[PDB]
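Asker: One structure, pasted below without further comment.
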Amino acid sequence: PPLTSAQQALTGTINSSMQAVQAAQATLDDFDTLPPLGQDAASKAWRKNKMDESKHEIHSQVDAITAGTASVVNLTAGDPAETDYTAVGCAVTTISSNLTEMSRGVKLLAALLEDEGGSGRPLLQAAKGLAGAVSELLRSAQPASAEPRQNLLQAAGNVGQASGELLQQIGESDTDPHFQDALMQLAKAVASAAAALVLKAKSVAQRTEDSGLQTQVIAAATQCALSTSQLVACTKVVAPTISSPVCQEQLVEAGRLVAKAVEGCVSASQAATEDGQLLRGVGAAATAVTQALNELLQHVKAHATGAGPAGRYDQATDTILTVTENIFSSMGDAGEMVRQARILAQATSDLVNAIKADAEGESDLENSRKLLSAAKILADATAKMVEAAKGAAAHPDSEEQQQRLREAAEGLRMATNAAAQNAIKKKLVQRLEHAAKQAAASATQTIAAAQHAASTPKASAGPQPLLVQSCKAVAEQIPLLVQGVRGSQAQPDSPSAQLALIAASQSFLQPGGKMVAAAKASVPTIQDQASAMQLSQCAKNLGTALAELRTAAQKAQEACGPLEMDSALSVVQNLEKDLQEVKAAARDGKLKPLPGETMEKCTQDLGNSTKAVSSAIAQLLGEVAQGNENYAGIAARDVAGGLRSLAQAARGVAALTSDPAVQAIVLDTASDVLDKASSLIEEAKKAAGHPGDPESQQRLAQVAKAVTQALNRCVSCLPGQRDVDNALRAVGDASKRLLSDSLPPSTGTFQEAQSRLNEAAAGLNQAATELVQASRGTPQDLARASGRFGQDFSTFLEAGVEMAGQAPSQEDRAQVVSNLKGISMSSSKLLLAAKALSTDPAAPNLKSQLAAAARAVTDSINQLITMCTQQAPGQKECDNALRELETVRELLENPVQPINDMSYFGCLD
Amino acid sequence: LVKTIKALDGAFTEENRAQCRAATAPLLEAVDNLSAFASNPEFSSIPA
Amino acid sequence: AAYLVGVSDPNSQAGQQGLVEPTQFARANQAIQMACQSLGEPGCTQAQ
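If you read the sequences in order, they're chains B, L and R. With the entry's author numbering applied, the first sequence corresponds to residues 486 to 1394, in that order. With the entry's author numbering applied, the second sequence corresponds to residues 1539 to 1586, in that order. With the entry's author numbering applied, the third sequence corresponds to residues 1443 to 1490, in that order.
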């Protein structure tokens, strides 16, 4: 055949790729699809959320396109019958995969930009014009055509420029154009130095006299001229993508190839022996690889100019800030003023000898060069204040000597703060900005591949996904870090935004790395081979990502002291200020909820986050009982994010409901929670300051009981539950009257109470039986059966206590009462299981949790009936058995949860 | 509690009975503390 | 027994069921509180 079967499969790969190119432009015309946000400040914040989040989503996926373009040019750089055409089809799929999410991504942006300025239409036409450049690039990918390579090179160069023009349309062109156009100053210089050496390789061709050797020089030179023109075409693609490391390997890939082209050409230059042009050819080839080296020296510094490492030890800066107030406090004495300048000259210079030691143990030298810059500000400010304090001490009445002392004090204290904070936060710019952004594109490329993997079979019914079952999990965890990226850029000084980025990183590492092992497991599952190559590639990119996360995680955890106790109180201050605005917003009565919020879902999310924050509350009490623990600020940070998730969940269901009475209820219950939570952190600071004090241990324990009482106010404020707390109150308060000072007024006869108790117990278990029968139904049907079972229990409670006085001995009666106490407490835990069963009916373990609690009350009543009723008719033995038959009957109805933990063979015996 | 259990085993004293009854309140707290930690649903159950 | 046949299907996905079983804890937390109310009674034998 003219082309191999891999190229025949590449033809179907091209026809599948180019079909989705024009279809993405046709689907672009349905732009807005916009739900209304309204006047809600949380919706305006959600408008501010989706602005910064979706801006990085387009910015992430364009880098893999620019990496995917030149990789085709690197693969096609060889001769025919020497090119892995299967790897070529891998790079064109991920370009089209990002092209699909680019259309849907800017579709939300077209509705976004229409609200603010309405000037998004040049972004739409530049994106469709960018996709048309890939279509002609896909036409150049056909190997059967006789088109030259430079036709493919110049067609691909317009794709990389217009992508940066689309990045210029976005506004996230973070790389400075003085560095981007300097690459054009280098790449055009390389091809000029190549073509000059090609002419030197063409000059020695006439000097050769042997056949085959003259053709050997020109074929290496024309390939060198092709590879250096490929470098010009590659640099036009990666000119705004110099920060993206996923394409930087492709630079030195062809950089190795032009080194191979130099070594192929410089091997033929030595064949021209005893030549005057032999001497100039080696020096030209030495300067040819120098320009690739001098580009690569700037290429490392292209990444290094954003990533600057430095260590903020600050073992000497704390001695600087303490002695600065001694000058203004001792103003007026000549003896005490001149002695404090010698101590400040030693406290400042104690960091100078340690700043240079930090740069020696460091890898990159951007902030370390700024450490040389910041220490010179610390050295120059201490050099001019010694002469200023000398004139101010000897001449105290001089106004010019005192004015120079005031301006020199601020030029050292804030400069040391400029020396400290820039040492630690540009390290986080190296850490955290490179953490999430490289993890962002590598995450969704797996999502684009797995969706391409799920669409590869004809039927997607039951693909058994290890990725897509966790892709939906991690995609909610993606923009939590990205929201804190620009917030760290907007707020560099306060570390609490940066401390949340540390917590967002470790919370992303647990579901992240689990997917990467599942990604490598899903590699040979796909029948298509080219899709698995990017699946192998992105897993290496995720493997490259997760290694840098843990370096950012443990080092930034040790970057500052454990003072998160005071910052955790300021987190809930932002919540209560917005909730008071929500209190004004719920007073207005026109609130639009978020489209992701659902009333059946968020109430389950409220109760799950309710038990989550109280779990760390009990964790807080153990650290308080220890005292002076660094994990106390950790757990106080944990309960801040739990209440923050509880705040948006409470504000989610507030705009979902329409009853204005319960809107004030869900506000006042939530406001009383943070009011009690404000008392938690205020006393936990007193608990951390005072170790071993048992008085503060019982104080917050009583508050945490009232917190769980206030958490139960958030349970009782739900309109979905109907009188189940009243069913708890009807069961609970009638039994506490039965425990303390309860005597039946009329005992009657023993036969009239025995026949009454058996029939009253028959419908009692049947009302308990329909609890698991209504487990398949609506949760409001569980609230219906809670009232009938709670009323019939109190009807059975009066009938049970009536025959308590029929026993002659009260110790036999108190045994019956204590057994009746065991029935009442088992029904209470059955009711305590019912408050979560109606809350979370979807949980299968919570079904059997109530069902085992349902079996507990039915077994506790059959034993007391055997104690009280007469066994001489013998019909009560059938009566106790018939109740237990119906309880296990409906337990067989829903086989979703196992009863015990024994295995299959343990069940057979 | 065992130090008060062995003290009450055979004591039958009303004022000495409340010594173990008052010491159970830190016991019932820490028992309900870990069950509150067990109420965390990501630690409690994973659906199938 | 019928539960494990549901896990026996290849298209079915097994669950870790968390790290700890909460059904063992709710029975244990109740039965301790069931005994502490028996401890709360001032008049009782040493056998109880």
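Yeah, the Cβ is synthetic: ideal placement off N, Cα and C, and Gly gets one too.
1. Closer than 7 Å between beta carbons: that is the criterion. Which residues of the region 906-925 of chain B meet it against chain R?
2. Measuring CA to CA, which of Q1187(B), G1248(B), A1155(B), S1156(B) is closest to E1168(B)?
3. With a threshold of 16 other CB atoms inside 10 Å of the CB of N1571(L), please say whether the residue is buried or exposed.
4. Using the beta-carbon count (16 or more within 10 Å), is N1250(B) buried or exposed?
5. Consider the Cβ of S1156(B): report whether some Cβ of chain L lies at a distance smaller than 9 Å.
6. Got a sec, what are the start and stop residues for the alpha helix (DSSP H) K1171(B) sits in?
7. Where does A770(B) land, buried or exposed, given buried means 16+ other C-beta within 10 angstroms?
8. How would you call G1307(B), buried or exposed, if buried means at least 16 neighbouring beta carbons within 10 angstroms?
9. Going along chain R, which residues have a C-beta under 8 Å from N1330(B)?
10. In chain order, which continuous runs of the alpha helix (DSSP H) of length 4 or greater are located wholly inside the region 486-548 of chain B?
11. Using a cut-off of 9 Å between C-beta atoms, extract the partners of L1446(R) located in chain B.
12. Given a cut-off of 9 Å, decide if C1087(B) and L1141(B) are closer than it, judged by their beta-carbon atoms.
13. Alpha carbon to alpha carbon, how far is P1585(L) from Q665(B)? Give it in angstroms, no decimals.
14. Is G1112(B) helix, strand or coil when you go by DSSP?
15. Measure from the C-beta of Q1455(R) to each C-beta in chain B and report whether the shortest distance is under 9 Å.
16. If you draw a straight line from the C-alpha of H663(B) to the C-alpha of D1325(B), how long is it?
17. What in chain B is Cβ-close to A1489(R), meaning under 9 Å?
18. So with CB distances below 8 Å, who are the chain R contacts of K1314(B)?
19. Compute the distance between the beta-carbons of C719(B) and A739(B), then report whether it is under 9 Å.
20. With three or more beta-carbon pairs closer than 8 Å as the criterion, would you say the region 741-757 of chain B touches the region 638-652 of chain B?
21. Which whole runs of the alpha helix (DSSP H) in the region 937-977 of chain B are 4 residues long or more, in chain order?
22. When burial is assigned at 16 or more other CB atoms within 10 Å of the CB, is residue 447(B) buried or exposed?
23. Just to confirm, is the Cβ distance from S1577(L) to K613(B) under 9 Å?
24. Quick check on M899(B): does DSSP put it in helix, strand or coil?
25. Once you ignore the five residues that flank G1118(B) on each side, which residues in its own chain have a CB closer than 6 Å to its CB?
26. Would you say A1574(L) reaches chain B, if we count a Cβ-Cβ gap shorter than 9 Å as a contact?
27. Determine, using beta carbons only, whether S1094(B) and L1131(B) come nearer to each other than 9 Å.
28. With a threshold of 9 Å between beta carbons, is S1303(B) in contact with chain R?
29. Would you call the region 681-688 of chain B and the region 593-609 of chain B touching, i.e. three or more CB-CB distances under 8 Å?
30. Starting from the Cα of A1338(B), find the closest Cα among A1318(B), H784(B), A1357(B), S940(B) and give me that residue.
31. Starting from the C-beta of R1273(B), find all residues in its chain whose C-beta is less than 8 Å away, skip the five residues before and the five after it, and write them out in chain order.
32. Residues of chain R with CB under 7 Å from residue 468(B), in chain order?
33. Does DSSP put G761(B) in a helix, in a strand, or in coil?
34. For the alpha helix (DSSP H) that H663(B) lies in, which residues bound it at each end?
35. In chain B, which residues lie with their C-beta within 9 Å of the C-beta of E1552(L)?
Answerer: The short version:
1. none
2. Looking up residue 1168(B) in the first sequence gives position 683. Ranking the options by Cα distance to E1168(B), first place goes to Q1187(B).
3. Within the second sequence, numbered from 1, the residue matching residue 1571(L) stands at position 33. So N1571(L) ends up on the buried side.
4. The sequence position of residue 1250(B) within the first sequence is 765, counting from 1. By the neighbour-count rule (16 or more Cβ atoms within 10 Å), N1250(B) is buried.
5. Along the first sequence, read from residue 1 onward, the residue named residue 1156(B) stands at position 671. So, not an interface residue.
6. Position 686 of the first sequence, counting from 1, holds the residue named residue 1171(B). Segment 1145-1174, the alpha helix (DSSP H) holding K1171(B).
7. By one-based count along the first sequence, residue 770(B) stands at place 285. Burial call: buried.
8. One-based indexing of the first sequence puts residue 1307(B) at position 822. With 16 or more other Cβ atoms within 10 Å, it is buried.
9. Your numbering for residue 1330(B) matches position 845 in the first sequence. Here the neighbours are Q1459, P1464, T1465.
10. 490-511
11. As a working mapping, residue 1446(R) is identified with position 4 in the third sequence. Under the 9 Å cutoff, chain B gives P1383, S1388, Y1389, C1392.
12. Your numbering for residue 1141(B) matches position 656 in the first sequence. Your numbering for residue 1087(B) matches position 602 in the first sequence. Yes; because the gap between Cβ atoms is below 9 Å, this pair is in contact.
13. Stepping through the first sequence from its first residue, residue 665(B) is reached at position 180. Stepping through the second sequence from its first residue, residue 1585(L) is reached at position 47. Going from the Cα of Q665(B) to the Cα of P1585(L) covers about 51 Å.
14. Counting from one through the first sequence, the residue named residue 1112(B) turns up at place 627. Three-state result, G1112(B): coil.
15. Working through the third sequence from its first residue, we reach residue 1455(R) at position 13. It does; some Cβ of chain B falls within 9 Å.
16. The count along the first sequence starts at 1 and reaches residue 663(B) at position 178. The count along the first sequence starts at 1 and reaches residue 1325(B) at position 840. Roughly 58 Å between the two C-alpha positions.
17. The residue you call residue 1489(R) lines up with position 47 of the third sequence. Ordered by position in chain B, no residue passes the 9 Å Cβ test against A1489(R), which lies about 13 Å from the chain.
18. Numbered from 1 along the first sequence, position 829 holds the residue referred to as residue 1314(B). Result: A1468, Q1472.
19. Reading the first sequence from its first residue, position 234 is the one you call residue 719(B). Reading the first sequence from its first residue, position 254 is the one you call residue 739(B). Yes, the pair counts as a contact, with Cβ atoms nearer than the cut-off.
20. no
21. 953-975
22. As displayed, chain B neither begins before 486 nor continues past 1394, which places residue 447(B) out of reach and without an answer.
23. Against the second sequence, residue 1577(L) aligns to sequence position 39. Against the first sequence, residue 613(B) aligns to sequence position 128. Against a cut-off of 9 Å, the Cβ pair of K613(B) and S1577(L) comes out as no contact.
24. Counted from its first residue, the first sequence places residue 899(B) at position 414. DSSP places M899(B) in helix when its eight states are reduced to three.
25. In the first sequence, the residue the question calls residue 1118(B) occupies position 633. Result list for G1118(B): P1047, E1049, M1050, in chain order.
26. Counting from one through the second sequence, the residue named residue 1574(L) turns up at place 36. With 9 Å as the cut-off, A1574(L) counts as an interface residue toward chain B.
27. Working through the first sequence from its first residue, we reach residue 1094(B) at position 609. Working through the first sequence from its first residue, we reach residue 1131(B) at position 646. Yes, the pair counts as a contact, with Cβ atoms nearer than the cut-off.
28. Along the first sequence, read from residue 1 onward, the residue named residue 1303(B) stands at position 818. Yes, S1303(B) counts as interfacial toward chain R.
29. no
30. Start at 1 with the first residue of the first sequence, and residue 1338(B) comes out as number 853. Ranking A1318(B), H784(B), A1357(B), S940(B) by Cα distance to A1338(B) puts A1318(B) first.
31. By 1-based counting over the first sequence, the position of residue 1273(B) is 788. Only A1252 meet the Cβ criterion.
32. Chain B is shown from 486 up to 1394; residue 468(B) falls before or after that span and cannot be answered.
33. The residue you call residue 761(B) lines up with position 276 of the first sequence. Correct three-state label for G761(B): helix.
34. Locating residue 663(B) in the first sequence gives position 178, where the first residue counts as 1. Taken as a continuous stretch (DSSP letters only), the alpha helix (DSSP H) holding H663(B) covers 662-692.
35. As a working note, residue 1552(L) is residue 14 in the second sequence. Ordered by position in chain B, no residue passes the 9 Å Cβ test against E1552(L), which lies about 17 Å from the chain.
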